[PDB]
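Structure below is coords.txt: compact mmCIF, N, CA, C and O atoms.
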```txt
# COMPACT_ATOMS: atom_id res chain seq x y z
N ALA Y 120 -108.57 34.05 -165.22
CA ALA Y 120 -108.47 35.52 -165.22
C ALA Y 120 -109.19 36.11 -166.42
O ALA Y 120 -109.11 35.58 -167.53
N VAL Y 121 -109.91 37.20 -166.18
CA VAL Y 121 -110.57 37.94 -167.25
C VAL Y 121 -110.24 39.42 -167.14
O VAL Y 121 -110.67 40.09 -166.19
N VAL Y 122 -109.46 39.93 -168.08
CA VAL Y 122 -109.06 41.33 -168.07
C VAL Y 122 -110.19 42.22 -168.55
O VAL Y 122 -110.70 42.06 -169.66
N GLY Y 123 -110.59 43.16 -167.70
CA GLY Y 123 -111.65 44.08 -168.06
C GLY Y 123 -111.42 45.45 -167.47
O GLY Y 123 -111.43 46.45 -168.19
N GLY Y 124 -111.21 45.50 -166.16
CA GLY Y 124 -110.97 46.76 -165.49
C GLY Y 124 -112.26 47.42 -165.05
O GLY Y 124 -112.69 47.26 -163.91
N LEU Y 125 -112.88 48.16 -165.98
CA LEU Y 125 -114.14 48.85 -165.72
C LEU Y 125 -113.97 49.93 -164.65
O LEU Y 125 -112.85 50.28 -164.27
N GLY Y 126 -115.09 50.46 -164.17
CA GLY Y 126 -115.04 51.49 -163.15
C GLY Y 126 -115.38 50.96 -161.77
O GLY Y 126 -116.23 51.50 -161.08
N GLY Y 127 -114.72 49.87 -161.39
CA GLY Y 127 -114.92 49.32 -160.06
C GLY Y 127 -116.13 48.41 -159.99
O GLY Y 127 -117.09 48.69 -159.27
N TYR Y 128 -116.11 47.32 -160.74
CA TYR Y 128 -117.18 46.33 -160.70
C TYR Y 128 -116.60 44.97 -160.35
O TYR Y 128 -115.41 44.72 -160.55
N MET Y 129 -117.45 44.09 -159.83
CA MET Y 129 -117.00 42.77 -159.43
C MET Y 129 -117.40 41.74 -160.47
O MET Y 129 -118.53 41.75 -160.97
N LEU Y 130 -116.48 40.85 -160.80
CA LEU Y 130 -116.69 39.87 -161.85
C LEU Y 130 -117.15 38.54 -161.27
O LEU Y 130 -116.69 38.12 -160.20
N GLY Y 131 -118.08 37.89 -161.96
CA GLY Y 131 -118.51 36.57 -161.56
C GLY Y 131 -117.53 35.49 -161.98
O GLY Y 131 -116.77 35.68 -162.93
N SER Y 132 -117.56 34.36 -161.29
CA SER Y 132 -116.61 33.28 -161.54
C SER Y 132 -117.02 32.43 -162.74
O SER Y 132 -116.54 31.30 -162.90
N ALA Y 133 -117.90 32.98 -163.58
CA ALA Y 133 -118.39 32.31 -164.78
C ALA Y 133 -119.26 31.10 -164.44
O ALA Y 133 -119.39 30.72 -163.27
N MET Y 134 -119.86 30.51 -165.45
CA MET Y 134 -120.70 29.34 -165.25
C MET Y 134 -120.09 28.15 -165.97
O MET Y 134 -119.41 28.31 -166.99
N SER Y 135 -120.30 26.95 -165.43
CA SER Y 135 -119.80 25.73 -166.05
C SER Y 135 -120.38 25.56 -167.45
O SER Y 135 -119.68 25.20 -168.39
N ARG Y 136 -121.68 25.83 -167.56
CA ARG Y 136 -122.36 25.80 -168.85
C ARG Y 136 -123.64 26.63 -168.80
O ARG Y 136 -124.69 26.16 -168.35
N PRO Y 137 -123.56 27.91 -169.21
CA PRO Y 137 -124.73 28.78 -169.32
C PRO Y 137 -125.60 28.39 -170.51
O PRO Y 137 -125.19 28.54 -171.66
N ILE Y 138 -126.78 27.87 -170.23
CA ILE Y 138 -127.67 27.39 -171.27
C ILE Y 138 -129.02 28.07 -171.15
O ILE Y 138 -129.48 28.37 -170.05
N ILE Y 139 -129.66 28.32 -172.29
CA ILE Y 139 -131.00 28.87 -172.31
C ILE Y 139 -131.98 27.84 -172.84
O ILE Y 139 -131.70 27.15 -173.82
N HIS Y 140 -133.11 27.73 -172.16
CA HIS Y 140 -134.15 26.82 -172.57
C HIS Y 140 -135.51 27.45 -172.33
O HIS Y 140 -135.92 27.63 -171.19
N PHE Y 141 -136.18 27.82 -173.41
CA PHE Y 141 -137.53 28.36 -173.32
C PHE Y 141 -138.55 27.26 -173.55
O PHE Y 141 -139.68 27.32 -173.06
N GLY Y 142 -138.13 26.24 -174.28
CA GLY Y 142 -139.06 25.24 -174.74
C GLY Y 142 -139.35 25.44 -176.20
O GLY Y 142 -139.81 24.54 -176.90
N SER Y 143 -139.08 26.66 -176.65
CA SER Y 143 -139.14 26.99 -178.06
C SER Y 143 -137.76 26.77 -178.66
O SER Y 143 -136.78 27.40 -178.24
N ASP Y 144 -137.68 25.87 -179.63
CA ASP Y 144 -136.39 25.42 -180.15
C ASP Y 144 -135.60 26.56 -180.78
O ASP Y 144 -134.37 26.52 -180.83
N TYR Y 145 -136.31 27.59 -181.25
CA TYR Y 145 -135.66 28.76 -181.85
C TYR Y 145 -134.69 29.41 -180.87
O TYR Y 145 -133.50 29.58 -181.18
N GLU Y 146 -135.18 29.77 -179.69
CA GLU Y 146 -134.36 30.41 -178.67
C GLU Y 146 -133.24 29.49 -178.22
O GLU Y 146 -132.08 29.90 -178.15
N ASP Y 147 -133.60 28.25 -177.93
CA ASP Y 147 -132.64 27.25 -177.49
C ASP Y 147 -131.49 27.13 -178.49
O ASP Y 147 -130.32 27.22 -178.13
N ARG Y 148 -131.85 26.97 -179.76
CA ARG Y 148 -130.88 26.78 -180.84
C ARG Y 148 -130.03 28.03 -181.05
O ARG Y 148 -128.80 27.95 -181.12
N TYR Y 149 -130.69 29.18 -181.16
CA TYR Y 149 -130.00 30.44 -181.45
C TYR Y 149 -128.95 30.76 -180.39
O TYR Y 149 -127.85 31.21 -180.71
N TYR Y 150 -129.29 30.50 -179.14
CA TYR Y 150 -128.38 30.77 -178.03
C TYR Y 150 -127.19 29.81 -178.05
O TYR Y 150 -126.07 30.21 -177.72
N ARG Y 151 -127.42 28.55 -178.44
CA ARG Y 151 -126.36 27.54 -178.42
C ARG Y 151 -125.15 27.97 -179.24
O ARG Y 151 -124.01 27.70 -178.87
N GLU Y 152 -125.40 28.65 -180.34
CA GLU Y 152 -124.33 29.12 -181.20
C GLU Y 152 -123.76 30.45 -180.70
O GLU Y 152 -122.55 30.61 -180.58
N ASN Y 153 -124.65 31.39 -180.39
CA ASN Y 153 -124.24 32.76 -180.05
C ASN Y 153 -123.48 32.82 -178.73
O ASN Y 153 -122.76 33.79 -178.47
N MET Y 154 -123.61 31.79 -177.89
CA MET Y 154 -122.89 31.73 -176.62
C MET Y 154 -121.38 31.87 -176.83
O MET Y 154 -120.67 32.34 -175.94
N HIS Y 155 -120.90 31.47 -178.01
CA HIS Y 155 -119.48 31.55 -178.33
C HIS Y 155 -118.99 32.99 -178.28
O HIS Y 155 -117.85 33.26 -177.91
N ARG Y 156 -119.87 33.92 -178.64
CA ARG Y 156 -119.51 35.34 -178.68
C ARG Y 156 -120.06 36.06 -177.45
O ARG Y 156 -119.56 37.12 -177.07
N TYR Y 157 -121.08 35.48 -176.84
CA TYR Y 157 -121.62 35.99 -175.59
C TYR Y 157 -120.65 35.70 -174.44
O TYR Y 157 -119.77 34.84 -174.57
N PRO Y 158 -120.78 36.40 -173.31
CA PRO Y 158 -119.90 36.20 -172.16
C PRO Y 158 -120.20 34.89 -171.44
O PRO Y 158 -121.20 34.24 -171.72
N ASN Y 159 -119.32 34.50 -170.53
CA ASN Y 159 -119.55 33.31 -169.72
C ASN Y 159 -119.64 33.71 -168.25
O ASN Y 159 -119.81 32.89 -167.36
N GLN Y 160 -119.55 35.01 -168.02
CA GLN Y 160 -119.58 35.58 -166.69
C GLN Y 160 -120.30 36.92 -166.73
O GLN Y 160 -120.51 37.48 -167.80
N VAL Y 161 -120.68 37.43 -165.56
CA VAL Y 161 -121.37 38.71 -165.49
C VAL Y 161 -120.68 39.66 -164.54
O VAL Y 161 -119.76 39.27 -163.81
N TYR Y 162 -121.12 40.91 -164.56
CA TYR Y 162 -120.50 41.96 -163.79
C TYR Y 162 -121.52 42.59 -162.86
O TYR Y 162 -122.58 43.03 -163.30
N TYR Y 163 -121.20 42.62 -161.58
CA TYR Y 163 -122.12 43.15 -160.59
C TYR Y 163 -121.45 44.25 -159.77
O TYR Y 163 -120.23 44.27 -159.61
N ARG Y 164 -122.26 45.17 -159.28
CA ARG Y 164 -121.77 46.31 -158.53
C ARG Y 164 -121.69 45.99 -157.05
O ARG Y 164 -122.65 45.47 -156.47
N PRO Y 165 -120.54 46.27 -156.41
CA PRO Y 165 -120.38 46.08 -154.97
C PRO Y 165 -121.14 47.14 -154.18
O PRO Y 165 -120.55 48.08 -153.64
N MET Y 166 -122.45 46.98 -154.15
CA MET Y 166 -123.34 47.94 -153.50
C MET Y 166 -123.23 47.86 -151.98
O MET Y 166 -122.83 46.83 -151.43
N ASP Y 167 -123.58 48.94 -151.32
CA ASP Y 167 -123.50 49.02 -149.87
C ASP Y 167 -124.86 48.74 -149.25
O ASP Y 167 -124.97 48.10 -148.20
N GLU Y 168 -125.89 49.22 -149.93
CA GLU Y 168 -127.26 49.10 -149.46
C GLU Y 168 -127.71 47.64 -149.39
O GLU Y 168 -127.10 46.75 -149.98
N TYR Y 169 -128.79 47.41 -148.65
CA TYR Y 169 -129.33 46.08 -148.45
C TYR Y 169 -130.16 45.66 -149.66
O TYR Y 169 -129.92 44.61 -150.25
N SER Y 170 -131.11 46.52 -150.02
CA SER Y 170 -131.95 46.31 -151.20
C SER Y 170 -132.77 45.02 -151.10
O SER Y 170 -132.95 44.46 -150.02
N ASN Y 171 -133.30 44.58 -152.23
CA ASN Y 171 -134.06 43.34 -152.29
C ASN Y 171 -133.38 42.40 -153.29
O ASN Y 171 -132.51 42.83 -154.04
N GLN Y 172 -133.78 41.13 -153.30
CA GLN Y 172 -133.15 40.11 -154.13
C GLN Y 172 -133.17 40.50 -155.61
O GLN Y 172 -132.16 40.40 -156.30
N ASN Y 173 -134.33 40.95 -156.08
CA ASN Y 173 -134.51 41.32 -157.48
C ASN Y 173 -133.54 42.42 -157.89
O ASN Y 173 -133.06 42.44 -159.03
N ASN Y 174 -133.24 43.33 -156.96
CA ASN Y 174 -132.34 44.44 -157.23
C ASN Y 174 -130.98 43.94 -157.69
O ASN Y 174 -130.49 44.34 -158.75
N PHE Y 175 -130.38 43.05 -156.91
CA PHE Y 175 -129.05 42.54 -157.20
C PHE Y 175 -129.05 41.68 -158.46
O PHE Y 175 -128.15 41.78 -159.29
N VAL Y 176 -130.08 40.85 -158.60
CA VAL Y 176 -130.22 39.99 -159.77
C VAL Y 176 -130.21 40.82 -161.05
O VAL Y 176 -129.42 40.57 -161.96
N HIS Y 177 -131.08 41.82 -161.08
CA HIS Y 177 -131.26 42.65 -162.26
C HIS Y 177 -130.07 43.59 -162.47
O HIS Y 177 -129.78 43.99 -163.60
N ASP Y 178 -129.40 43.97 -161.38
CA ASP Y 178 -128.25 44.87 -161.45
C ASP Y 178 -127.13 44.26 -162.30
O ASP Y 178 -126.58 44.92 -163.18
N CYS Y 179 -126.83 42.99 -162.04
CA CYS Y 179 -125.82 42.26 -162.80
C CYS Y 179 -126.16 42.27 -164.29
O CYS Y 179 -125.28 42.40 -165.15
N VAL Y 180 -127.45 42.13 -164.58
CA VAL Y 180 -127.94 42.13 -165.95
C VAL Y 180 -127.72 43.49 -166.61
O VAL Y 180 -127.10 43.58 -167.67
N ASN Y 181 -128.22 44.53 -165.96
CA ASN Y 181 -128.16 45.89 -166.50
C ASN Y 181 -126.73 46.30 -166.81
O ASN Y 181 -126.45 46.84 -167.88
N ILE Y 182 -125.82 46.03 -165.88
CA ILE Y 182 -124.42 46.38 -166.07
C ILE Y 182 -123.81 45.63 -167.25
O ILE Y 182 -123.19 46.23 -168.12
N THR Y 183 -124.02 44.32 -167.28
CA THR Y 183 -123.44 43.48 -168.32
C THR Y 183 -123.95 43.88 -169.71
O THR Y 183 -123.17 43.97 -170.66
N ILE Y 184 -125.25 44.15 -169.81
CA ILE Y 184 -125.84 44.58 -171.07
C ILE Y 184 -125.30 45.95 -171.48
O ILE Y 184 -124.91 46.16 -172.63
N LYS Y 185 -125.24 46.87 -170.52
CA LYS Y 185 -124.90 48.26 -170.81
C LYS Y 185 -123.44 48.39 -171.21
O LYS Y 185 -123.08 49.23 -172.03
N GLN Y 186 -122.59 47.57 -170.61
CA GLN Y 186 -121.17 47.57 -170.93
C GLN Y 186 -120.91 46.86 -172.26
O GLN Y 186 -120.02 47.24 -173.02
N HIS Y 187 -121.70 45.83 -172.53
CA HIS Y 187 -121.48 44.99 -173.70
C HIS Y 187 -121.83 45.74 -174.99
O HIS Y 187 -121.24 45.50 -176.04
N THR Y 188 -122.78 46.67 -174.90
CA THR Y 188 -123.16 47.48 -176.05
C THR Y 188 -122.04 48.45 -176.40
O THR Y 188 -121.68 48.60 -177.57
N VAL Y 189 -121.46 49.09 -175.39
CA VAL Y 189 -120.33 49.99 -175.59
C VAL Y 189 -119.16 49.24 -176.21
O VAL Y 189 -118.40 49.79 -177.02
N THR Y 190 -119.04 47.96 -175.86
CA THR Y 190 -117.99 47.11 -176.40
C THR Y 190 -118.12 46.99 -177.92
O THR Y 190 -117.16 47.21 -178.65
N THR Y 191 -119.32 46.65 -178.39
CA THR Y 191 -119.53 46.44 -179.82
C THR Y 191 -119.56 47.77 -180.57
O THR Y 191 -119.10 47.84 -181.72
N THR Y 192 -120.05 48.83 -179.93
CA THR Y 192 -120.08 50.16 -180.54
C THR Y 192 -118.67 50.61 -180.94
O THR Y 192 -118.47 51.24 -181.99
N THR Y 193 -117.68 50.25 -180.13
CA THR Y 193 -116.29 50.59 -180.41
C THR Y 193 -115.76 49.77 -181.60
O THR Y 193 -114.74 50.09 -182.20
N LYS Y 194 -116.49 48.72 -181.95
CA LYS Y 194 -116.07 47.79 -182.99
C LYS Y 194 -116.90 47.95 -184.25
O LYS Y 194 -116.84 47.11 -185.15
N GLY Y 195 -117.66 49.02 -184.32
CA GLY Y 195 -118.62 49.16 -185.39
C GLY Y 195 -119.77 48.20 -185.20
O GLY Y 195 -119.93 47.24 -185.95
N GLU Y 196 -120.54 48.47 -184.15
CA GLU Y 196 -121.64 47.61 -183.71
C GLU Y 196 -122.54 47.13 -184.85
O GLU Y 196 -122.82 47.84 -185.81
N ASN Y 197 -122.97 45.89 -184.70
CA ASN Y 197 -123.89 45.26 -185.62
C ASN Y 197 -124.58 44.11 -184.91
O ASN Y 197 -124.02 43.02 -184.78
N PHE Y 198 -125.78 44.37 -184.42
CA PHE Y 198 -126.54 43.38 -183.69
C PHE Y 198 -128.03 43.68 -183.81
O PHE Y 198 -128.41 44.78 -184.20
N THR Y 199 -128.85 42.70 -183.49
CA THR Y 199 -130.29 42.89 -183.50
C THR Y 199 -130.81 43.00 -182.07
O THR Y 199 -130.08 42.73 -181.12
N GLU Y 200 -132.07 43.40 -181.93
CA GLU Y 200 -132.70 43.46 -180.62
C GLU Y 200 -132.75 42.07 -180.00
O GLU Y 200 -132.67 41.92 -178.78
N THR Y 201 -132.86 41.06 -180.86
CA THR Y 201 -132.88 39.68 -180.42
C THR Y 201 -131.56 39.30 -179.75
O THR Y 201 -131.55 38.65 -178.71
N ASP Y 202 -130.44 39.72 -180.35
CA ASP Y 202 -129.11 39.42 -179.80
C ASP Y 202 -128.99 39.96 -178.38
O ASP Y 202 -128.51 39.28 -177.48
N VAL Y 203 -129.43 41.20 -178.19
CA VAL Y 203 -129.36 41.83 -176.89
C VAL Y 203 -130.25 41.11 -175.89
O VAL Y 203 -129.88 40.92 -174.74
N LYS Y 204 -131.43 40.69 -176.34
CA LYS Y 204 -132.36 39.98 -175.48
C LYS Y 204 -131.82 38.61 -175.10
O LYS Y 204 -132.05 38.13 -173.99
N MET Y 205 -131.09 37.98 -176.01
CA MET Y 205 -130.49 36.68 -175.74
C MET Y 205 -129.39 36.81 -174.71
O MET Y 205 -129.34 36.07 -173.73
N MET Y 206 -128.51 37.79 -174.92
CA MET Y 206 -127.42 38.03 -173.98
C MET Y 206 -127.98 38.56 -172.65
O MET Y 206 -127.35 38.41 -171.61
N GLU Y 207 -129.15 39.18 -172.70
CA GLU Y 207 -129.83 39.64 -171.49
C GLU Y 207 -130.42 38.45 -170.74
O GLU Y 207 -130.26 38.33 -169.52
N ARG Y 208 -131.08 37.57 -171.47
CA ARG Y 208 -131.71 36.39 -170.89
C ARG Y 208 -130.69 35.55 -170.14
O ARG Y 208 -130.93 35.11 -169.02
N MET Y 209 -129.54 35.32 -170.77
CA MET Y 209 -128.50 34.48 -170.18
C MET Y 209 -127.92 35.11 -168.91
O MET Y 209 -127.73 34.41 -167.92
N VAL Y 210 -127.66 36.41 -168.93
CA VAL Y 210 -127.06 37.07 -167.78
C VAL Y 210 -128.06 37.22 -166.64
O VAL Y 210 -127.69 37.18 -165.47
N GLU Y 211 -129.34 37.36 -166.99
CA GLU Y 211 -130.41 37.33 -166.00
C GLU Y 211 -130.45 35.94 -165.36
O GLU Y 211 -130.61 35.79 -164.15
N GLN Y 212 -130.25 34.93 -166.20
CA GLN Y 212 -130.26 33.54 -165.76
C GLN Y 212 -129.06 33.22 -164.88
O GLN Y 212 -129.15 32.35 -164.02
N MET Y 213 -127.94 33.90 -165.09
CA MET Y 213 -126.74 33.70 -164.27
C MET Y 213 -127.07 33.81 -162.79
O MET Y 213 -126.81 32.89 -162.01
N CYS Y 214 -127.67 34.93 -162.42
CA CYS Y 214 -128.04 35.19 -161.04
C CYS Y 214 -129.08 34.18 -160.55
O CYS Y 214 -128.94 33.61 -159.46
N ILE Y 215 -130.10 33.94 -161.36
CA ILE Y 215 -131.18 33.04 -161.00
C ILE Y 215 -130.67 31.60 -160.85
O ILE Y 215 -131.05 30.88 -159.92
N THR Y 216 -129.79 31.19 -161.75
CA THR Y 216 -129.21 29.86 -161.71
C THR Y 216 -128.27 29.71 -160.52
O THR Y 216 -128.22 28.65 -159.89
N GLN Y 217 -127.53 30.76 -160.20
CA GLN Y 217 -126.64 30.71 -159.05
C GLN Y 217 -127.45 30.65 -157.77
O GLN Y 217 -127.06 30.00 -156.81
N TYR Y 218 -128.60 31.33 -157.76
CA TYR Y 218 -129.55 31.22 -156.66
C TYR Y 218 -129.90 29.75 -156.43
O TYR Y 218 -129.91 29.26 -155.30
N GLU Y 219 -130.18 29.07 -157.53
CA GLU Y 219 -130.43 27.63 -157.52
C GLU Y 219 -129.22 26.87 -157.00
O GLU Y 219 -129.34 25.97 -156.16
N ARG Y 220 -128.04 27.25 -157.48
CA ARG Y 220 -126.80 26.57 -157.13
C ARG Y 220 -126.42 26.78 -155.67
O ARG Y 220 -125.84 25.89 -155.04
N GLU Y 221 -126.75 27.94 -155.12
CA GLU Y 221 -126.52 28.21 -153.70
C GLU Y 221 -127.37 27.28 -152.84
O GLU Y 221 -126.96 26.87 -151.75
N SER Y 222 -128.56 26.95 -153.33
CA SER Y 222 -129.48 26.09 -152.61
C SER Y 222 -129.03 24.63 -152.65
O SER Y 222 -129.02 23.95 -151.63
N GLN Y 223 -128.63 24.16 -153.83
CA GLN Y 223 -128.20 22.77 -154.00
C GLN Y 223 -126.87 22.52 -153.29
O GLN Y 223 -126.62 21.42 -152.79
N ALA Y 224 -126.03 23.54 -153.23
CA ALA Y 224 -124.72 23.43 -152.61
C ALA Y 224 -124.81 23.26 -151.10
O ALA Y 224 -123.83 22.90 -150.45
N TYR Y 225 -125.99 23.54 -150.54
CA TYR Y 225 -126.22 23.42 -149.11
C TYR Y 225 -126.10 21.97 -148.66
O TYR Y 225 -125.74 21.68 -147.51
N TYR Y 226 -126.42 21.04 -149.56
CA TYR Y 226 -126.38 19.62 -149.24
C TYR Y 226 -124.99 19.05 -149.48
O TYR Y 226 -124.41 19.19 -150.56
N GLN Y 227 -124.46 18.40 -148.45
CA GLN Y 227 -123.12 17.83 -148.48
C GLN Y 227 -123.08 16.57 -149.34
O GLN Y 227 -123.93 15.69 -149.18
N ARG Y 228 -122.10 16.50 -150.24
CA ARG Y 228 -121.86 15.32 -151.08
C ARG Y 228 -122.97 15.10 -152.10
O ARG Y 228 -122.81 15.37 -153.29
N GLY Y 229 -124.09 14.63 -151.60
CA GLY Y 229 -125.20 14.24 -152.45
C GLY Y 229 -125.98 13.13 -151.80
O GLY Y 229 -127.21 13.07 -151.91
N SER Y 230 -125.26 12.25 -151.12
CA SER Y 230 -125.87 11.23 -150.30
C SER Y 230 -125.61 11.54 -148.83
O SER Y 230 -124.48 11.85 -148.44
N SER Y 231 -126.66 11.49 -148.02
CA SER Y 231 -126.53 11.77 -146.60
C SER Y 231 -125.99 10.55 -145.85
O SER Y 231 -124.76 10.43 -145.73
```

Will you turn the file into structure tokens for me?
Amino acid sequence: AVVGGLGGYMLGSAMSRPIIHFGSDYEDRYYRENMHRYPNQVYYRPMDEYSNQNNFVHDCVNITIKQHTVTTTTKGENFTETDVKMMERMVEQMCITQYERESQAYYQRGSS
């Protein structure tokens, strides 16, 4: 359970291990630590329209970022543009990784 409320948004079931890998050790390393304070789940809007894949993917990102800033602002915000981009990268990856996970989950067990 994750208490949030919000104005009618749907919560993701979190990820087993949200990891970032650019190939540049800076990003990889920086995210490994900051994940402790970053979320493990994202927030998406229960839209009615059909839209396109990118719409829903990016929607989860925009909401999570936009709500997360208001969160820290209430706490006397203190973050860099890099922090926001890191938390943005991960939440963007949530949708993309789940896209991957939806595909792999199609196969029963692992051995046919």

**Request:** Grab the atom CA of residue Y:201 to atom CA of residue Y:147 distance for me, in Å with one decimal place.
**Result:** 12.8 Å

Hey, what's within 9 Å of stretch 214-222 of chain Y if we count only C-alpha atoms and toss same-chain stuff fewer than 3 positions away? As a compact mmCIF listing (two decimals) with N, CA, C and O atoms, keeping the file's coordinate frame, please?
```txt
# COMPACT_ATOMS: atom_id res chain seq x y z
N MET Y 134 -119.86 30.51 -165.45
CA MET Y 134 -120.70 29.34 -165.25
C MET Y 134 -120.09 28.15 -165.97
O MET Y 134 -119.41 28.31 -166.99
N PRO Y 137 -123.56 27.91 -169.21
CA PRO Y 137 -124.73 28.78 -169.32
C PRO Y 137 -125.60 28.39 -170.51
O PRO Y 137 -125.19 28.54 -171.66
N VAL Y 161 -120.68 37.43 -165.56
CA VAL Y 161 -121.37 38.71 -165.49
C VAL Y 161 -120.68 39.66 -164.54
O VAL Y 161 -119.76 39.27 -163.81
N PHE Y 175 -130.38 43.05 -156.91
CA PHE Y 175 -129.05 42.54 -157.20
C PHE Y 175 -129.05 41.68 -158.46
O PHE Y 175 -128.15 41.78 -159.29
N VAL Y 176 -130.08 40.85 -158.60
CA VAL Y 176 -130.22 39.99 -159.77
C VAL Y 176 -130.21 40.82 -161.05
O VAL Y 176 -129.42 40.57 -161.96
N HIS Y 177 -131.08 41.82 -161.08
CA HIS Y 177 -131.26 42.65 -162.26
C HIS Y 177 -130.07 43.59 -162.47
O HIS Y 177 -129.78 43.99 -163.60
N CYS Y 179 -126.83 42.99 -162.04
CA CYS Y 179 -125.82 42.26 -162.80
C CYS Y 179 -126.16 42.27 -164.29
O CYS Y 179 -125.28 42.40 -165.15
N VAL Y 180 -127.45 42.13 -164.58
CA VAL Y 180 -127.94 42.13 -165.95
C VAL Y 180 -127.72 43.49 -166.61
O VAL Y 180 -127.10 43.58 -167.67
N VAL Y 210 -127.66 36.41 -168.93
CA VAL Y 210 -127.06 37.07 -167.78
C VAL Y 210 -128.06 37.22 -166.64
O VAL Y 210 -127.69 37.18 -165.47
N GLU Y 211 -129.34 37.36 -166.99
CA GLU Y 211 -130.41 37.33 -166.00
C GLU Y 211 -130.45 35.94 -165.36
O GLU Y 211 -130.61 35.79 -164.15
N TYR Y 225 -125.99 23.54 -150.54
CA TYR Y 225 -126.22 23.42 -149.11
C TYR Y 225 -126.10 21.97 -148.66
O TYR Y 225 -125.74 21.68 -147.51
N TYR Y 226 -126.42 21.04 -149.56
CA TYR Y 226 -126.38 19.62 -149.24
C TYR Y 226 -124.99 19.05 -149.48
O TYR Y 226 -124.41 19.19 -150.56
```

**Asked** For residue Y:208, which of Y:182, Y:120, Y:129, Y:139 is the closest residue, counting only C-alpha atoms?
**Response**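 The answer is Y:139, which sits nearest to residue Y:208.
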
**Message:** Just list as a PyMOL selection string whatever in stretch 126-214 of chain Y DSSP marks as alpha helix (DSSP H).
**Reply:** chain Y and resi 144-153+172-192+200-214

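As for atom CA of residue Y:126 and atom N of residue Y:154, they are spaced 26.1 Å apart.
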
**Pick from Y:166, Y:142, Y:157, Y:148 nearest to residue Y:127, counting all atoms listed in the file** = Y:166

**Prompt:** What is the atom N of residue Y:159 to atom C of residue Y:145 distance in Å?
**Reply:**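 These two atoms are separated by 19.2 Å.
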
**Request:** Please write as a PyMOL selection string the list of polymer residues whose atoms come within 6 Å of (-120.5, 37.0, -162.4), counting only C-alpha atoms and keeping to the coordinates of the file.
**Result:** chain Y and resi 130-133+160-162
